[PDB]
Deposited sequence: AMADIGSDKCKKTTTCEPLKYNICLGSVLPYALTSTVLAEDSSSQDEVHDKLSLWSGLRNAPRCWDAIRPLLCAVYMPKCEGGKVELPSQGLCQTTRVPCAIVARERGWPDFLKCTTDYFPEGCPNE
């Protein structure tokens, strides 16, 4: 439930929203609005407008990176965790009120995952 089968490809960039990613491979399969790593990069640029809400921005960065530039290894991608979603909901409550995020749905944000 914590991983999804997919084809891994090398990361286009080793930076996500100002963080250095320690892993080398990714997939776009979790980013339902994106059909390539090129599109992912453009969507993340749009998300960066949220930098003007600094408390929400700090919380949401690892969630956006876990969705848009997730770690892929062995033909599997890791999903963003329920715990990460629930924490992000509070500082980003006012902002955006992505219904899956607001509800922290358990198919998209599974419980009991190693990277929580």
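Missing CA stretches, deposited numbering from 1, N-terminus first: According to the record, the gaps fall at 1-8, 106-108.
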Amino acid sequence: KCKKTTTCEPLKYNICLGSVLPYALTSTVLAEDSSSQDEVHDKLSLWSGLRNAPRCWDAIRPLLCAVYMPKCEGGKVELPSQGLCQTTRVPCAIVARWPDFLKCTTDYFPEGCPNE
From here on, numbers count along this sequence of modelled residues.
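Given 66-74 and 48-56, the range whose Cα B-factors average higher in the PDB entry: Result: 48-56.
Stretch exceeding the other in mean C-alpha B-factor - 76-84, 38-46: The entry gives the higher C-alpha B-factor average to 76-84.
Where the record places residue 93 (Cα B-factor, split into thirds across the chain): According to the entry, residue 93 has a C-alpha B-factor in the chain's highest third.
Chain-wide C-alpha B factor ranking for residue 16, given as lowest, middle or highest third: Its C-alpha B-factor, which the entry lists for residue 16, ranks in the lowest third among residues of this chain.
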